[PDB]
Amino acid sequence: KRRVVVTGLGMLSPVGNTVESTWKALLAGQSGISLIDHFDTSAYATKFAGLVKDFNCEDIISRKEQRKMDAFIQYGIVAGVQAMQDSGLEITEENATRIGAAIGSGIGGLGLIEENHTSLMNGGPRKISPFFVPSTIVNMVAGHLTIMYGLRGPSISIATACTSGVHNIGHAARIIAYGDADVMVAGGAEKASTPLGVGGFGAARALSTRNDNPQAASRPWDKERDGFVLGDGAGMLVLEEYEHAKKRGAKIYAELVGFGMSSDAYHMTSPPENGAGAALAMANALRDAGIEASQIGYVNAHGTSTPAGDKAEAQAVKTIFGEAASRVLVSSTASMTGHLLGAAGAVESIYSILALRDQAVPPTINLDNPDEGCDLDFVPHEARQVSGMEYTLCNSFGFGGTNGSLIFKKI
């Protein structure tokens, strides 16, 4: 009966380009939302995003090599090395076969897609780069990594939009537990801060528009919210079976103990006023982890700062916790970071992990005037210290009404 644990973290976010820095900034209640300058946003209703500041990979990827890879791919490779080094794991011939990857993304190479398409409009097919396909496709983060580290184990890539980070990790854990693998680098990476990304989500009227105050735009559960805030980043984890980890004295951040999935079966982009699906997903994980809602100390909300989004989730929480509704801590890091799409559930799994380590809980900044019936403790404004928190649960929900929840446990 294989127990899956976390032995390495790696991350690039709108508030730090390392695990420890992003964590520091998050507790400090720092925002990473800035105005876009890599493209002309004049015609854009939204002109800011949670961006990755001063990203450098020269030490990890030759410029010769970068040309074959969209930023989302670069981001994820960098965050994977971070995780691989941190794990300490050493790949051997008697090894590779048993180490794999489960990394995804919501869209992938949107930028190079725009680039190549543009090229094709101006110059014709001859202009499309020969690396177009392998530079934009979603599974290339895992493709490059497995190659870089000579990994021969199971490699998959889940693309479930906003839920991708949660799924990739959950299924990484599954794969190991099944016996198909002993280690798995898992998570998600996105960099959709483009014309098509900004323009697209803005076409659906899903994005916030507070351009006069980018850092205040993302306000989960607050009364004046007006749609999520797009963020770039990548969050990777090294999951591994308990024994295999011990036998090598790996530093163990925590143990993955539960994984729940569900479908809303309602709208293609809208959550039921109910939160019915989100509930089922949390519910399924509690049962998988074989524990009770009363046991969760901190929930990492999907809480993207869309009017319906946030109401629905809160509903679900009540439903799931009921009594413990108020005793439980719910917070949205998206308040500082924005929503990282495919990377979202991965970075937030890392938050949930660190929150157990440090017995501290990142705040929901910008929460000035919460909604009405709210009975919940959204850790508004400032970080929170905790005593005996043994479990944290992390939620993510995406389009197609696809939800997933992960439960982390101390030591």
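Sequential numbering from 1, following the sequence displayed.
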{"item": "Segment of higher mean CA temperature factor, 268-276 or 162-170", "value": "268-276"}
{"item": "Stretch exceeding the other in mean C-alpha B-factor - 325-333, 71-79", "value": "325-333"}
{"item": "Highest recorded Cα temperature factor - choice among 191, 117, 251, 339", "value": "251"}
{"item": "Most elevated Cα B-factor in the entry, residues 141, 121, 234, 156", "value": "121"}
{"item": "Chain-relative CA temperature factor third for residue 89", "value": "highest"}
{"item": "Chain thirds of CA B-factor: placement of residue 308", "value": "middle"}
{"item": "Third of the chain's Cα B-factor distribution that residue 105 belongs to, per the entry", "value": "lowest"}
{"item": "Third of the chain, ranked by Cα B-factor, where residue 374 sits", "value": "highest"}
{"item": "Where the record places residue 348 (Cα B-factor, split into thirds across the chain)", "value": "lowest"}
